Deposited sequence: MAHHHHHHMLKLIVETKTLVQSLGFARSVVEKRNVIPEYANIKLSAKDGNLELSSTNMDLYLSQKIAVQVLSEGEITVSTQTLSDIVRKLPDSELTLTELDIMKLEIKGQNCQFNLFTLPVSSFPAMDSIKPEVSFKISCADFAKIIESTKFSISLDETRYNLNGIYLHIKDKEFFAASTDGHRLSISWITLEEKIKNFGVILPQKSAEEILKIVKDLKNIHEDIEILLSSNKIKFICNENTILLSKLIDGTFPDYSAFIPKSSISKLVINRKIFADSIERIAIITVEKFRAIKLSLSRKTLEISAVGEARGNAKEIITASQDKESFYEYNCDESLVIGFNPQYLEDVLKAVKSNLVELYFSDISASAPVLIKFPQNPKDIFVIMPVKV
């Protein structure tokens, strides 16, 4: 029972790309299992276990483990449209193209870890495109200092018939959600950042983006089954996620509506002049104009004017007689503006003060909510 199979090179390349992004000496290896018409590729690290199955021509069933880096480095440089992989009885894997041959040392399959299991408290199916959106809307506002453990992940939780992703670092809040088909018990987990990054890449793949992903949750792990053939098992962050609806404002006295792109682009160039000790831009809002300005000590200052317009390509509107001057960290604003593809963006102000948290919404994207603490300017 020795592995032998013919695989489409481009397909193997793509699978190895996911294996590389996942990665103890055993973590440097990938397990290849040829069985029942498929090649199963297994990769694991301290927090993730990834299993991918791809259709191949299974000529002989078997399993080997080999260096992930070595195998992917070779395969992505082979010009052949198909490759033959053969386990030989010298603890070696032969990779054969039309004119070239590579013999890789293999490692004992018995030293490769098998995947653990889950006893889910809840499980449900959502579309890959919906899951990609909620992760893309929350991955950027995860906290990054390792002291606040319960903030270094994305809170995934079911409330009523809705599935939320939420992230915060104490300075901003990001929430994105999906309506579930059936009712389902309320439950929540904190997904580690690396795990979120990996599953996002998997669902965004062109083979998966139009299909569905099953999600299984328990108190100690989460399991993703993406379009049947890709399984990712992840540890969780062991913490309580704060009840974040405490930091969402319930009212507003005024709102800015502005073309998203011109806003993002203006913030970016005005923030160039700032320094790290004072990363802030100032918005001076009026009915007629928006002024975006910043200062940087021993560097200079900058200002851009955006005038009122009802044209979609240059839209700016602020329907309030009272002008408002308010500051923000430009990176936090840019993070939100880049998370959602939308023509317009809306900023809601709780009061006529430069201290209240600001709520950000994109029209034609009602299921995303962002809150940013302002800074004194």
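Residues 1 to 7, 31 to 35 of the deposited sequence have no C-alpha coordinates in the model.
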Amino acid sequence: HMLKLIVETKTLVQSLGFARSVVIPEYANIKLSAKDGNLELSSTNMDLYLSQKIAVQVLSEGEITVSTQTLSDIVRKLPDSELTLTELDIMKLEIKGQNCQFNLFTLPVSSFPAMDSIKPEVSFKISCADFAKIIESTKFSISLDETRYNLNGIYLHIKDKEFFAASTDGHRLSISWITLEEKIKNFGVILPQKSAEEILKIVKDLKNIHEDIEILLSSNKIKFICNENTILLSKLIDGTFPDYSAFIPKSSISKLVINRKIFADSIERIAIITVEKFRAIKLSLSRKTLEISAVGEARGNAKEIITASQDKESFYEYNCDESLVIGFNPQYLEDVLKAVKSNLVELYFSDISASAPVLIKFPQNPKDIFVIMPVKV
From here on, numbers count along this sequence of modelled residues.
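When the mean C-alpha temperature factors of 113 to 121 and 167 to 175 are read from the deposited coordinates, 167 to 175 comes out higher. Legend: mean Cα B-factor per stretch from the PDB entry, 91 to 99 versus 236 to 244; the higher mean is in 236 to 244.
Out of 329, 44, 350, 57, the entry records its largest CA B-factor for 350. Of the candidates 131, 278, 263, 187, it is 278 whose Cα B-factor is highest according to the PDB record. In the PDB entry, residue 344 places in the middle third of its chain by CA B-factor. Among all modelled residues in this chain, the alpha-carbon of residue 6 has a temperature factor (C-alpha) in the lowest third. Compared with the other modelled residues of the chain, the Cα B-factor recorded for residue 204 ranks in the middle third.
Residue 155 sits in the lowest third of its chain by CA B factor, as recorded in the PDB entry. Ranked against the other modelled residues of its chain, the C-alpha B-factor of residue 372 as given in the entry falls in the lowest third.
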